[PDB]
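A.B. asks: below: the sequence, then the experimentally determined structure.
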Amino acid sequence: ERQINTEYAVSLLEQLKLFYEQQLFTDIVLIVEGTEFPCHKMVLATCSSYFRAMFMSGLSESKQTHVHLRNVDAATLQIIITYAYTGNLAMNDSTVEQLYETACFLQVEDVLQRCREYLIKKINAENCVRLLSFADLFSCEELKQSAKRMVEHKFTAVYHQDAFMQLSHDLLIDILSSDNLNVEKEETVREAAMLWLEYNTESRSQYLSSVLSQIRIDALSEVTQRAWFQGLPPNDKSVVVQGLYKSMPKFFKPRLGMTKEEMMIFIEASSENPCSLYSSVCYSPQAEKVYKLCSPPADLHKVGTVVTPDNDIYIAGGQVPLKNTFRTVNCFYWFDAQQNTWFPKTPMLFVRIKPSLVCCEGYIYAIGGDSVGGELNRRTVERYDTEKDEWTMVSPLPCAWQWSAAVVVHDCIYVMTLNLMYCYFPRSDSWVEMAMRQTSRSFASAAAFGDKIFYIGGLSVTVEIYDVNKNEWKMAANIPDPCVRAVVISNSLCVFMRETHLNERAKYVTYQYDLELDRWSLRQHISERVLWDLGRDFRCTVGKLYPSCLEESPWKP
Amino acid sequence: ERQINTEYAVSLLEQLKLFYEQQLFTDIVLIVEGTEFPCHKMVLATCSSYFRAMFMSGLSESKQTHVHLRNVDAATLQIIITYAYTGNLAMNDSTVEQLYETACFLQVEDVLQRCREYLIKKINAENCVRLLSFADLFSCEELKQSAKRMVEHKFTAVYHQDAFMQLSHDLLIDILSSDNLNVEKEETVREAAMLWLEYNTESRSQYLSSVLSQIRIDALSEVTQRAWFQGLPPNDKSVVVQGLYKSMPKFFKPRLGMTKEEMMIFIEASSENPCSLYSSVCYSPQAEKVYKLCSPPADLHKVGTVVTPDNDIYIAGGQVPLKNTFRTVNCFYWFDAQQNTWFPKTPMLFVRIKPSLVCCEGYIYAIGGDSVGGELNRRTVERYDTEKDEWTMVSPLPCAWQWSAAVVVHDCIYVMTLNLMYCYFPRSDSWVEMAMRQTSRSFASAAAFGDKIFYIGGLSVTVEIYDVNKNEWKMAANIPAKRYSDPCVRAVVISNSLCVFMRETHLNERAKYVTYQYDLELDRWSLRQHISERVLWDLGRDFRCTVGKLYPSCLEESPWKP
């Protein structure tokens, strides 16, 4: 059907807006705690699913011109009316709750979906349990699930949120009884359930018993009984009887968060499947297996990795082929530790090629990486805010460097280039000159192990160790065209190198390096029966993953 | 301004349409000769400028839900309402008059402008005086003016319309007193004014004075004066007195249509300013002057020309540079004989390169011209309708030819190629095989002079004359041209006499323009006139020539130093 809108629908909406702001042809007025809102019935019927029944049903409101609508905020109803009259919402970050409250009040489906998306995108660090209780009160399965997983991930690291105390039982039961608790130990959930019953007892003793049972035998074999003898109300006999029941039944099973194996995440591998360009796989140091990961964009490559102290994976920048009949994109992504997917985040402001992301003081710092190339000050850096979810410009780099590396030592930013090093102080937002290397090597990376930076490789086997407390560069030894990948494994400095000769196959083997010995002892030789060739542009980083969520990479020995 | 429409305005309009078709939330109903139209007041207020006052002014009609609106058609009001719930007008070609009438009654500006544009684009041949009286009834400056000029151009060739008889005086005065009458003689307007007052003699003797005076002294001859005298109602004395007054006063001046000089229209000339590539100029055979014309697209080139028997200029096809930071366009245009501009028309269906347009039986026939080709067949042709304003597909060419020429002789289509020729029968829509030339020459054109086709040039000076009644090709002579040169021949009819316009070019020599007079039985090109270089400059190589009548006052002379 022909529904042309060229200069017609916009003109109609502009005429309606003009009639609204001039108070013309209005036949209904909303009374909101003394505030008047003259409007029309047609717009309220086409926008809200409640006003259509308010103006159709032949009751009292039908003839009532002065309808007194209560339990609604003035500003929220005003923004809903102006959204109905112009189509633009222009929502902030503070009044989203009351907006959704009154949007669900009038079943206004479009603004409901808009606010639902805005809330599902903005579960950053703190409003998680709050918006989870919000979605529990206003049954919203979409928001409910994302918030559920978000809490399963972060709540099991703070378990002290002020909002977490005020939760309904069913929601707490769903949270605690789930097998998605990202906890490496079983006593933290026990004490967390405990403190949730240390603020409210006596009248709430039923909930106490329920959560106690939920904790299961794994955490029921603790001080739970003694703490209860201490806080139980007097003259309670059957309560001890029902508490003694919880010890032998109800399927004691292992949890999921304990499977936080410290593994080796790789990217841009040799797609086991021929013409496929690249793939992201993983390696297990202890399990001696090779797991795979899903490509974040599935077509874009040349990305940079970073791992926060909370074991989080991020991906920024990269280039994607234009697919006309490689363009650079500043998109951003984050790896899910359980869903084996990639949820995007706030993109960058500059399209970078192979950005070097560094985490420090809870902030992500992307140093260099072909920001735009044609900058007036070619040396610049853009940092990320993991809490506010925004990018903040900081003091630019002193000199323009290419194929550089950057690490973080002692809560400070350290970027390494051919021969120079600069310490970005995040507190004073300044760059202090550091020691210069006597050797000029590029195309190499550095590792931040302890309080020493180990710049390995370059063009080789150059081992130049730097210390922060000493501020000096020294050599240790030569590792016995190697592709070096220095990294931290089990609080012990190790390396992952691959050698390649003429008419010979590649071999993967990791060595154990000692500080005072200056020697790379043979730790483990990666057999080719489990791991195949990776390539040249592959990257390495240390991080904890889950074996059950991920899938093994099928490949013939 | 802060306002969107992406899936929010379209959704709102769809919800309004759903409420309308389901008869929901309706509070006003229109009664149109018994037919009911339940609708809303908001849409009628935002669409029409009359319904806003019908529903705003505190009145009995504002309160009445059963309003009885009269003097409006049911179908027109229905289409206006659906255009007020969908925006899709979907107007036909028949109900435009009543639709515009109802729109002017309801003061709906958007549909008014839409119908005004649709009417100003569709003044083809016949509804001219009708829609002119229509625009005189509903004051419409735009329609009024385009229709005025359209009548000044075509009315002065038929002067026998039935709607012309039914015209208001002021409109007839404006038409007749204007100096835009495209008439080569002054008696046609006189007899037209006569028959306008011959269907209403006696009854309308009041206008039989003003219209009589409008024709002026040029046609107020003693003969017609005395005729009207002996013809009037009896017992009329002062009427003869006021008629005798109209003979000596009121500024006898020459008209404009008489300046229909048979001139020589040209396209793609050597532009003077280096910022422009080509230009379209003209040449006067009798006045010995060089006039210019405005470029139809002002950037597109490689066009084809055609001249109807009614002296009309058309332009089809062509290529325009893409201006990225030559693409082919199937656009169409028409040259105004007085405004010195180009009004576009219905474009073609295929983007052609240098199309050959031929006029026959009132239809324009575009034969070949790279309509777009990439197969073994490809041979195709698209004809134009000057009356219905549309393109009609006909029997396609039998063989695929390039750099071909086509003319019209004895109301038949004749296209010429390297060596073959086919005659397309417009009555049966088929191609019949004709005679074959013994010489294989291309890159040449032909002229339709009388009952003989004169294929001149080709690669030269090949003069191959063909006759339709005889169906044979023969040679006549060789045009006298200087040796060591490459002549650019142009054959065209002028003053009912076959002539040629050729230019010779040598090495390290300048170009010379000269037209010769060719005789049929003599087989010789007598020196008719040598175009002096002091008035005409170089043209180029890809220039075209065609015969047509133009106006010197409307056009402008081309300034160039001798």
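C.D. replies: It's in. Numbering: from 1, shown residues only, chains lettered A, B, ... in the order given.
A.B. asks: which helices and strands does the helix or strand harbouring residue A:226 pack with?
C.D. replies: Element membership of residue A:226 [criterion: DSSP states H and E] is helix A:224-231. Other helices and strands packing on helix A:224-231, by 3 or more Cβ pairs under 8 Å, 6 or more residues apart in numbering or on different chains; DSSP states H and E, are helix A:187-195, helix A:205-220. For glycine as for every other residue, the C-beta is placed from the backbone atoms N, C-alpha and C.
A.B. asks: residues from chain A in reach of chain B?
C.D. replies: Within chain A, the residues that sit near chain B (Cβ under 8 Å from any Cβ of the partner chain) are A:1-5, A:8-17, A:19, A:24-25, A:40-42, A:45-47, A:52, A:55-56, A:86-88, A:90, A:110.
A.B. asks: hmm, back to that, can you say which of the helices and strands packed on helix A:224-231 is nearest to residue A:354?
C.D. replies: Closest approach to residue A:354 among the helices and strands packed on helix A:224-231 (Cβ to Cβ): helix A:187-195, 38.5 Å.
A.B. asks: now do the contacts for the closest residue to residue A:359 other than its chain neighbours.
C.D. replies: Spatial nearest neighbour of residue A:359, excluding adjacent residues (Cβ to Cβ, 6 or more residues apart in numbering or on different chains): residue A:308 at 4.6 Å. Each residue near residue A:308 by Cβ atoms under 8 Å, 6 or more residues apart in numbering or on different chains is listed here: A:314, A:359, A:362, A:364, A:386.
A.B. asks: in helices only, show me those residues.
C.D. replies: For these, not one is inside helices, with DSSP state H as the criterion.
A.B. asks: dump those residues into a markdown table; add neighbour count as well.
C.D. replies: Formatted as a markdown table, these follow (neighbours: other Cβ atoms under 10 Å in any protein chain shown):
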| residue | neighbour count |
| --- | --- |
| A:314 | 23 |
| A:359 | 19 |
| A:362 | 12 |
| A:364 | 20 |
| A:386 | 17 |
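A.B. asks: among those residues, name the ones in strands.
C.D. replies: A:314, A:359, A:364 (DSSP state E).
A.B. asks: state the distance from residue A:187 to residue A:392.
C.D. replies: Distance from residue A:187 to residue A:392, counting by Cβ to Cβ, to the nearest Å: 38 Å.
A.B. asks: of these two, who's got more company?
C.D. replies: residue A:187 (14 against 11; other Cβ atoms under 10 Å in any protein chain shown).
A.B. asks: distance check, the nearest residue in space to that one that is not next to it in sequence against chain B.
C.D. replies: Leaving aside its chain neighbours, residue A:187 sits nearest to residue A:219 (6.3 Å; criterion: Cβ to Cβ, 6+ apart). Separation of residue A:219 from chain B (Cβ to the nearest Cβ, to the nearest Å) stands at 51 Å.
A.B. asks: same check, this time on residue A:397
C.D. replies: In terms of Cβ to the nearest Cβ, residue A:397 sits 34 Å off from chain B.
A.B. asks: which residues touch the residue nearest to that residue when sequence neighbours are not counted?
C.D. replies: Of all residues not flanking residue A:397 in the chain, residue A:379 sits nearest, at 3.5 Å (Cβ to Cβ, 6+ apart). Applying Cβ under 8 Å, 6+ apart to residue A:379 gives the contacts A:368, A:396-401.
A.B. asks: can you rerun that using 7 Å?
C.D. replies: By Cβ atoms under 7 Å, 6 or more residues apart in numbering or on different chains, the contact set of residue A:379 is A:396-400.
A.B. asks: with residue A:416 instead?
C.D. replies: A:404-406, A:446, A:455.
A.B. asks: what is the burial count for the residue nearest to residue A:187?
C.D. replies: Count around residue A:219 with other Cβ under 10 Å applied: 21.
A.B. asks: tell me the contacts of it?
C.D. replies: Taking Cβ under 7 Å, 6+ apart, one finds A:186-187, A:189-190 in contact with residue A:219.
A.B. asks: which of these are buried?
C.D. replies: Neighbour-count burial (16 or more other Cβ atoms under 10 Å in any protein chain shown) is assigned, among the contacts of residue A:219, to A:186, A:189-190.
A.B. asks: quick check, nearest of those to chain B?
C.D. replies: Within the buried ones among the contacts of residue A:219, the smallest distance to chain B is 44.8 Å, found for residue A:189 (Cβ to the nearest Cβ).
A.B. asks: in the stretch 451-557 of chain A, which residue sits nearest chain B?
C.D. replies: Minimum separation of the stretch 451-557 of chain A from chain B (Cβ to the nearest Cβ) falls at residue A:537, amounting to 34.7 Å.
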